[PDB]
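The block underneath contains the structure these notes are about, expressed in structure tokens.
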There are 6 protein chains.
Amino acid sequence: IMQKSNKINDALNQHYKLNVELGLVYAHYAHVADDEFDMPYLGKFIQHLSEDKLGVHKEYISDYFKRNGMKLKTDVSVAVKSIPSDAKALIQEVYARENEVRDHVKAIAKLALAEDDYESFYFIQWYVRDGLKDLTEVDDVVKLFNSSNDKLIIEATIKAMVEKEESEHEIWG
Amino acid sequence: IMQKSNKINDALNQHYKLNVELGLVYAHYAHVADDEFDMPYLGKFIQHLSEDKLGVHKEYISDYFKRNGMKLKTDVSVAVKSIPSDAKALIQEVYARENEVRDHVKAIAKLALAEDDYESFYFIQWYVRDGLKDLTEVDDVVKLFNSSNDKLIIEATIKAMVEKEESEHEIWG
Amino acid sequence: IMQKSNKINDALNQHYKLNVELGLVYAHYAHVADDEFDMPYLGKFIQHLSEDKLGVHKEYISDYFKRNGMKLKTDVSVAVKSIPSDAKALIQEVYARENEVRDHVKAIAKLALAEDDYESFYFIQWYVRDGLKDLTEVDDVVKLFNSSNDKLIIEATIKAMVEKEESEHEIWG
Amino acid sequence: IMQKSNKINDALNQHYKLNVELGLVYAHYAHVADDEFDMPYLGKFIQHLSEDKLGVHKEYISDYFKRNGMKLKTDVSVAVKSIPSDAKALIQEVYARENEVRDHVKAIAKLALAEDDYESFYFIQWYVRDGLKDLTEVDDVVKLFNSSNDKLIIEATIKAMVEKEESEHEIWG
Amino acid sequence: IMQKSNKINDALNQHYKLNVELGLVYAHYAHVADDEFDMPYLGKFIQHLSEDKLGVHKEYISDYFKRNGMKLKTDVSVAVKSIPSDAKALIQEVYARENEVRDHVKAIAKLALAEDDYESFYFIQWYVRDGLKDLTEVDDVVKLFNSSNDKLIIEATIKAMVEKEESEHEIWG
Amino acid sequence: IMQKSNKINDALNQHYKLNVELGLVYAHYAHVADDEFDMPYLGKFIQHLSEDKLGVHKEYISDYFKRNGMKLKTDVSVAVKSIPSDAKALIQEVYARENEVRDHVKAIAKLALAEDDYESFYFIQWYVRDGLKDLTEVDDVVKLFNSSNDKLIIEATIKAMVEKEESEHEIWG
Ligand SMILES: [Fe+3]
Ligand SMILES: [Fe+3]
Ligand SMILES: [Fe+3]
Ligand SMILES: [Fe+3]
Ligand SMILES: [Fe+3]
Ligand SMILES: [Fe+3]
Ligand SMILES: [Fe+3]
Ligand SMILES: [Fe+3]
Ligand SMILES: [Fe+3]
Ligand SMILES: [Fe+3]
Ligand SMILES: [Fe+3]
Ligand SMILES: [Fe+3]
Ligand SMILES: [Fe+3]
Ligand SMILES: [Fe+3]
Ligand SMILES: [Fe+3]
Ligand SMILES: [Fe+3]
Ligand SMILES: [Fe+3]
Ligand SMILES: [Fe+3]
Ligand SMILES: [Fe+3]
Ligand SMILES: [Fe+3]
Ligand SMILES: [Fe+3]
Ligand SMILES: [Fe+3]
Ligand SMILES: [Fe+3]
Ligand SMILES: [Fe+3]
Ligand SMILES: [Mg+2]
Ligand SMILES: [Mg+2]
Ligand SMILES: [Mg+2]
Ligand SMILES: [Mg+2]
Ligand SMILES: [Mg+2]
Ligand SMILES: [Mg+2]
């Protein structure tokens with residue numbers, strides 16, 4: 001009884017890989033934000049997201065696997081061969097990636113219910129929630145690029161956003 | 001004047017890659033230590049090292065590059081296809097990897113002096129130092145595997161090692 | 001044994017002179033920033049740099065000379081006969097001067113290694129480090145002039161930069 | 001109305017220059033006091049005076065100029081080509097320089113009253129006062145050289161003088 | 001890879017021996033300072049230096065050897081068969097010994113760079129620095145013997161020097 | 001009257017020498033305990049004993065000599081040419097050395113009573129006491145090697161022993 005679903009194991013190993021690779025992409029994007037686009041705080045925002053992906057987002061999968069019999073796989077391939085043209089497009093790319101995460105997570109959740117893996121549906125709930133929260137954070141920054149033509153005004157708004165004490169929303173935080 | 005050495009840029013992009021990949025290998029090795037070898041604290045030791053490699057060890061290279069004109073490259077390929085047989089061999093593998101780091105760093109330092117990049121020789125000093133410190137930490141754990149046949153005695157010694165307040169040595173810490 | 005290198009003495013007397021004269025140039029540039037360019041905080045930034053050059057940068061050379069047998073020379077000649085046209089060009093000039101310092105320091109370090117003056121190579125390490133740090137601080141301000149067309153937005157960003165508690169970077173601070 | 005006196009501007013640019021150059025001379029004299037005359041505290045006394053001259057004494061002129069329309073000039077030429085023979089003569093030279101300052105300041109004050117620059121006469125009052133205070137401090141040290149033949153007794157008296165909390169006199173401090 | 005240099009091992013075993021023997025010489029010199037020369041505080045100064053040599057100066061070599069594969073050797077031979085004639089000559093002898101240390105350390109540093117032992121060049125940096133610092137401390141005392149003919153005035157100056165809170169210099173402390 | 005016994009002077013100069021040489025042997029034995037025998041805490045125990053011998057045990061003899069007219073002699077010869085085979089034998093050797101100290105001290109005490117040097121018999125009482133205390137501390141560690149076959153269990157018992165607040169016994173502490 002209680003034998004691990006191989007399918008969920010595969011999808012979560014795939015989510016582990018996505019989280020690792022996203023984080024590494026975000027670490028380059030953070031560097032470029034400062035280095036090339038002169039936006040040090042947009043860089044700090046993206047670095048914080050790199051650390052989330054290469055941290056908690058991956059941590060929980062491994063912890064879960066240790067508890068249920070699922071196997072971890074580490075197969076990582078990532079190369080940043082092109083960079084977006086400007087800072088607005090960089091945050092817009094981050095956004096697109098976050099939106100894709102939401103679709104990937106929906107699929108793990110549908111699979112769990114089809115496999116009757118209720119422990120796995122419970123586990124995915126964190127990711128269903130962080131999916132929307134993480135998109136909301138990124139969207140808030142994207143908005144600024146369409147709200148000002150001054151990079152320093154935007155930079156100061158991001159700074160304040162980063163230096164806020166992160167009080168969680170009751171449903172989404 | 002003050003034009004970046006392309007060679008150092010390449011060697012440090014190579015060190016960035018090594019640090020990223022090592023960390024990802026250590027994250028799998030940490031998981032296996034607990035999951036398969038029943039050694040949760042050896043796992044925490046290796047997880048702490050994964051975070052060092054995917055954190056500060058990589059952070060400083062990027063920061064340096066932002067200050068001098070050097071370009072960051074992100075090209076990462078890693079797959080954990082084989083796992084060591086037991087826990088002693090896992091820490092012994094970590095050791096071998098740390099020892100190699102020391103040789104790689106020696107090479108960046110010799111290159112800097114040959115290229116007359118004194119800013120770069122200064123920057124590598126952190127890594128010349130952490131090279132020995134990181135090996136010393138790992139060796140201290142390896143020693144235990146040859147000092148006891150009881151995994152729980154070893155586990156308790158590692159626990160204490162992890163929960164020590166990390167007071168830095170004057171030269172090496 | 002342990003007889004002072006006359007060459008290093010000369011190069012460091014030359015660095016002492018550069019630091020004194022730079023500081024005096026920065027004191028005029030600070031005045032002009034406020035007086036003519038209406039940028040009081042860019043003035044405070046440059047005044048802080050004047051004080052660094054006419055303070056610690058010179059202090060250590062004299063202290064070193066007192067410890068090793070080297071002679072101090074005081075021969076100072078400086079006249080500010082032309083002023084840059086605008087504030088962006090003023091910070092850009094400061095930058096150029098800081099970049100030159102980095103080349104001068106590289107030369108003292110190469111000389112020390114060639115003269116086998118290891119005490120002197122150790123002493124120059126502060127200056128190899130401050131060379132990059134000081135350039136990084138100036139570059140951060142230059143960036144702003146290309147990031148906004150509003151002098152008051154730039155001024156407010158500089159203000160915050162000056163009123164930050166100066167937490168040192170592990171390698172460069 | 002309220003148009004700056006060109007004469008006062010010139011005299012104060014001349015006082016700025018004197019203060020800069022005096023400070024640089026005092027910085028060498030401080031070094032020599034310790035290095036050659038074995039009097040580290042006489043060195044600290046003179047270093048404190050170097051910093052006063054290259055600091056507040058110059059700062060106020062620039063601040064004043066920013067408020068009234070006067071132009072700052074930076075033309076500095078100084079070389080220490082001869083050093084006094086002993087420590088008594090070094091402090092005696094400092095004294096002579098301070099006494100000259102008092103005559104220079106008297107001249108700015110007489111000029112202000114003749115030019116009806118009452119703002120400028122007010123501004124010079126700090127310097128009329130510091131002129132006597134600064135001479136008094138130096139005289140107190142000179143006295144010691146005629147009060148003892150032991151350099152270490154003198155050194156200890158200077159030490160105490162430097163480490164006093166500097167409580168200002170009601171008129172002169 | 002990373003195999004210890006036998007030459008550095010030998011030079012550092014030689015520095016270990018020098019530090020042990022110097023400390024033992026300083027312990028006798030401290031005793032004589034009080035016992036024969038009636039200078040208890042010069043004795044405390046030299047005793048503090050004995051403890052530095054037989055402590056940290058030796059400790060770090062052993063610690064280093066434990067980290068890199070180098071072997072420690074303990075072969076100590078020292079006899080104090082002659083004593084200096086007076087106290088000035090005793091501190092002058094200490095000085096000469098400290099000056100020699102500086103030359104010995106220069107040699108370890110040149111050797112490291114020739115052997116491409118960058119870990120060893122890093123390790124020697126403490127000793128390149130303490131070499132000058134330790135000489136500076138001793139020189140400060142020697143100066144006093146040429147600054148007064150009263151042993152009690154000198155003694156009181158040494159006392160204050162010993163009872164100072166030892167605030168480190170940024171480069172040399 | 002009150003003229004120093006030459007015999008006691010000789011025996012105490014001999015005890016000074018023994019204490020210096022023992023400490024240096026213990027410093028090597030401490031290094032070997034960690035380096036070769038993988039017992040870092042046995043190393044700390046022996047290092048603490050090295051410091052006792054090269055510290056207080058020697059300090060008091062010199063202090064005594066300064067008070068009574070006795071002459072200090074510094075003639076030290078020590079070489080560690082052989083090392084014990086294992087850790088049990090290392091602590092057993094330390095023990096043998098401590099036991100010998102007890103016999104040497106008995107002899108100084110018998111001599112004092114025969115020479116009617118009551119000040120010297122009083123002085124030796126510290127050493128009669130520390131002789132037994134120091135043996136007791138070492139015996140407590142030796143016991144462990146016959147109480148367990150696990151080096152890590154022994155190591156943990158030593159650790160606790162070292163990190164105890166050293167509360168003195170009424171007679172022996
Ligand atoms: Fe930045
Ligand atoms: Fe967050
Ligand atoms: Fe169903
Ligand atoms: Fe998230
Ligand atoms: Fe667990
Ligand atoms: Fe760590
Ligand atoms: Fe070269
Ligand atoms: Fe590390
Ligand atoms: Fe203002
Ligand atoms: Fe600063
Ligand atoms: Fe050379
Ligand atoms: Fe600086
Ligand atoms: Fe001094
Ligand atoms: Fe003052
Ligand atoms: Fe009038
Ligand atoms: Fe003044
Ligand atoms: Fe005394
Ligand atoms: Fe000290
Ligand atoms: Fe070479
Ligand atoms: Fe020292
Ligand atoms: Fe250790
Ligand atoms: Fe003890
Ligand atoms: Fe009797
Ligand atoms: Fe004892
Ligand atoms: Mg399958
Ligand atoms: Mg290339
Ligand atoms: Mg010359
Ligand atoms: Mg005119
Ligand atoms: Mg050999
Ligand atoms: Mg005799």
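Residue numbers start at 1 in each chain; chains themselves are named A, B, ... in the order of the structure tokens; ligands are numbered from 1 in the order shown.
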
Within 9 Å of ligand 16, counting only C-alpha atoms and all ligand atoms, which protein or nucleic acid residues do you find, written as a PyMOL selection string? chain D and resi 49+52-53+56-57+127+129-135

With only C-alpha atoms and all ligand atoms counted, collect every polymer residue having an atom within 10 Å of ligand 13; state the result as an mmCIF file with N, CA and C atoms, in the first residue's frame.
data_model
loop_
_atom_site.group_PDB
_atom_site.id
_atom_site.type_symbol
_atom_site.label_atom_id
_atom_site.label_comp_id
_atom_site.auth_asym_id
_atom_site.auth_seq_id
_atom_site.Cartn_x
_atom_site.Cartn_y
_atom_site.Cartn_z
ATOM 1 N N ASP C 63 52.772 56.616 7.535
ATOM 2 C CA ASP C 63 52.936 55.623 8.571
ATOM 3 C C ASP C 63 53.882 54.530 8.144
ATOM 4 N N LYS C 66 57.488 55.645 8.210
ATOM 5 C CA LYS C 66 58.014 55.707 9.549
ATOM 6 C C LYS C 66 58.449 54.370 10.076
ATOM 7 N N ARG C 67 57.899 53.309 9.545
ATOM 8 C CA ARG C 67 58.213 51.989 10.006
ATOM 9 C C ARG C 67 59.348 51.313 9.312
ATOM 10 N N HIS D 31 55.094 64.164 10.670
ATOM 11 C CA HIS D 31 55.842 62.976 10.345
ATOM 12 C C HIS D 31 57.259 63.046 10.873
ATOM 13 N N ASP D 34 57.849 62.534 14.771
ATOM 14 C CA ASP D 34 57.927 61.185 15.203
ATOM 15 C C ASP D 34 59.095 60.526 14.589
ATOM 16 N N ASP D 35 59.176 60.524 13.279
ATOM 17 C CA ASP D 35 60.221 59.797 12.594
ATOM 18 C C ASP D 35 61.625 60.174 12.946
ATOM 19 N N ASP D 38 61.629 61.550 17.391
ATOM 20 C CA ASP D 38 61.129 60.628 18.389
ATOM 21 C C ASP D 38 60.072 61.178 19.301
ATOM 22 N N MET D 39 59.236 62.029 18.760
ATOM 23 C CA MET D 39 58.193 62.658 19.521
ATOM 24 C C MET D 39 56.830 62.420 18.897
ATOM 25 N N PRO D 40 56.281 61.220 19.103
ATOM 26 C CA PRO D 40 55.005 60.881 18.513
ATOM 27 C C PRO D 40 53.801 61.738 18.869
ATOM 28 N N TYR D 41 53.768 62.326 20.038
ATOM 29 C CA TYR D 41 52.652 63.134 20.467
ATOM 30 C C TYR D 41 52.750 64.543 19.992
ATOM 31 N N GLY D 43 53.796 64.956 17.215
ATOM 32 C CA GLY D 43 53.339 64.657 15.895
ATOM 33 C C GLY D 43 51.863 64.627 15.777
ATOM 34 N N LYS D 44 51.206 64.169 16.813
ATOM 35 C CA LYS D 44 49.780 64.110 16.806
ATOM 36 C C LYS D 44 49.194 65.488 16.995
ATOM 37 N N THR E 136 58.011 47.666 14.977
ATOM 38 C CA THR E 136 57.555 48.991 15.290
ATOM 39 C C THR E 136 57.333 49.100 16.787
ATOM 40 N N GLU E 137 56.796 48.072 17.392
ATOM 41 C CA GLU E 137 56.615 48.097 18.809
ATOM 42 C C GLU E 137 57.918 48.168 19.551
ATOM 43 N N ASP E 139 60.852 49.292 18.347
ATOM 44 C CA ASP E 139 61.481 50.567 18.043
ATOM 45 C C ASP E 139 60.957 51.692 18.886
ATOM 46 N N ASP E 140 59.690 51.637 19.221
ATOM 47 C CA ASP E 140 59.086 52.642 20.040
ATOM 48 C C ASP E 140 59.681 52.664 21.422
#

Residues of chain E that have any atom at most 12 Å from an atom of ligand 29: could you tabulate them with the shortest-distance atom pair and the distance in Å to one decimal, using only C-alpha atoms and all ligand atoms, ordered by chain and increasing number, as a tab-separated table?
residue	atom	partner	partner_atom_place_in_ligand_line	distance
E:4	CA	ligand 29	1 (Mg)	10.6
E:5	CA	ligand 29	1 (Mg)	8.8
E:6	CA	ligand 29	1 (Mg)	5.2
E:7	CA	ligand 29	1 (Mg)	7.0
E:8	CA	ligand 29	1 (Mg)	9.7
E:9	CA	ligand 29	1 (Mg)	8.2
E:10	CA	ligand 29	1 (Mg)	7.3
E:11	CA	ligand 29	1 (Mg)	10.8
E:13	CA	ligand 29	1 (Mg)	11.5
E:70	CA	ligand 29	1 (Mg)	10.5
E:71	CA	ligand 29	1 (Mg)	10.0
E:73	CA	ligand 29	1 (Mg)	11.8

Please produce an output containing N, CA, C and O atoms for each residue in the selection, written as a PDB file, in the first residue's frame.
ATOM      1  N   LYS E   4      52.216  18.905  -0.949  1.00  0.00           N
ATOM      2  CA  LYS E   4      53.034  19.825  -0.233  1.00  0.00           C
ATOM      3  C   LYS E   4      54.456  20.081  -0.753  1.00  0.00           C
ATOM      4  O   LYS E   4      55.124  19.162  -1.199  1.00  0.00           O
ATOM      5  N   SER E   5      54.904  21.331  -0.723  1.00  0.00           N
ATOM      6  CA  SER E   5      56.284  21.635  -1.070  1.00  0.00           C
ATOM      7  C   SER E   5      57.148  21.296   0.105  1.00  0.00           C
ATOM      8  O   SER E   5      56.902  21.740   1.203  1.00  0.00           O
ATOM      9  N   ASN E   6      58.167  20.504  -0.125  1.00  0.00           N
ATOM     10  CA  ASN E   6      59.071  20.125   0.910  1.00  0.00           C
ATOM     11  C   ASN E   6      59.915  21.279   1.362  1.00  0.00           C
ATOM     12  O   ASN E   6      60.264  21.375   2.500  1.00  0.00           O
ATOM     13  N   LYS E   7      60.203  22.180   0.463  1.00  0.00           N
ATOM     14  CA  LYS E   7      60.969  23.345   0.789  1.00  0.00           C
ATOM     15  C   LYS E   7      60.294  24.292   1.727  1.00  0.00           C
ATOM     16  O   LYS E   7      60.926  24.807   2.617  1.00  0.00           O
ATOM     17  N   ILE E   8      59.014  24.524   1.531  1.00  0.00           N
ATOM     18  CA  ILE E   8      58.254  25.395   2.389  1.00  0.00           C
ATOM     19  C   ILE E   8      58.108  24.745   3.736  1.00  0.00           C
ATOM     20  O   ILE E   8      58.251  25.392   4.726  1.00  0.00           O
ATOM     21  N   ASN E   9      57.877  23.453   3.763  1.00  0.00           N
ATOM     22  CA  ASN E   9      57.815  22.711   4.988  1.00  0.00           C
ATOM     23  C   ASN E   9      59.067  22.909   5.801  1.00  0.00           C
ATOM     24  O   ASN E   9      58.998  23.094   6.981  1.00  0.00           O
ATOM     25  N   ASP E  10      60.195  22.949   5.152  1.00  0.00           N
ATOM     26  CA  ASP E  10      61.461  23.076   5.825  1.00  0.00           C
ATOM     27  C   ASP E  10      61.685  24.455   6.335  1.00  0.00           C
ATOM     28  O   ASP E  10      62.165  24.627   7.427  1.00  0.00           O
ATOM     29  N   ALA E  11      61.312  25.446   5.548  1.00  0.00           N
ATOM     30  CA  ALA E  11      61.440  26.809   5.951  1.00  0.00           C
ATOM     31  C   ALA E  11      60.507  27.193   7.062  1.00  0.00           C
ATOM     32  O   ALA E  11      60.844  27.989   7.890  1.00  0.00           O
ATOM     33  N   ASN E  13      59.392  24.995   9.292  1.00  0.00           N
ATOM     34  CA  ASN E  13      59.832  24.261  10.461  1.00  0.00           C
ATOM     35  C   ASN E  13      60.974  25.026  11.053  1.00  0.00           C
ATOM     36  O   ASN E  13      61.180  25.001  12.241  1.00  0.00           O
ATOM     37  N   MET E  70      51.950  18.836   5.536  1.00  0.00           N
ATOM     38  CA  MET E  70      53.287  19.114   5.945  1.00  0.00           C
ATOM     39  C   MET E  70      53.609  18.558   7.311  1.00  0.00           C
ATOM     40  O   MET E  70      52.764  18.464   8.165  1.00  0.00           O
ATOM     41  N   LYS E  71      54.839  18.138   7.493  1.00  0.00           N
ATOM     42  CA  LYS E  71      55.280  17.574   8.738  1.00  0.00           C
ATOM     43  C   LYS E  71      55.923  18.534   9.692  1.00  0.00           C
ATOM     44  O   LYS E  71      56.713  19.338   9.296  1.00  0.00           O
ATOM     45  N   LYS E  73      58.369  19.436  12.765  1.00  0.00           N
ATOM     46  CA  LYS E  73      59.565  18.976  13.383  1.00  0.00           C
ATOM     47  C   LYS E  73      59.828  19.792  14.607  1.00  0.00           C
ATOM     48  O   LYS E  73      59.658  20.986  14.598  1.00  0.00           O
TER      49      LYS E  73
END

I need the chain F residues near chain E as a PyMOL selection string; criterion: at most 7 Å, counting only C-alpha atoms. chain F and resi 28+31+35+62+66+74-80

From the list D:88, D:153, D:26, D:112, which residue is nearest ligand 15 when using only C-alpha atoms and all ligand atoms? D:112

Between CA of residue 164 in chain C and CA of residue 87 in chain A - distance in Å to one decimal: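 Computed distance, CA of residue 87 in chain A to CA of residue 164 in chain C, equals 25.6 Å.
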
Who sits within 9 Å of residue 45 in chain C, only C-alpha atoms, same chain under 5 positions skipped, as a PyMOL selection string: chain C and resi 30+40+50+138+158-159+161-162

Given a cut-off of 12 Å, what residues near ligand 23 show up using only C-alpha atoms and all ligand atoms, put as a ChimeraX atom specification? /F:110-118

Take CA of residue 121 in chain E and CA of residue 14 in chain C and report the distance between them in Å, one decimal.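 Separation of CA of residue 121 in chain E and CA of residue 14 in chain C: 27.9 Å.
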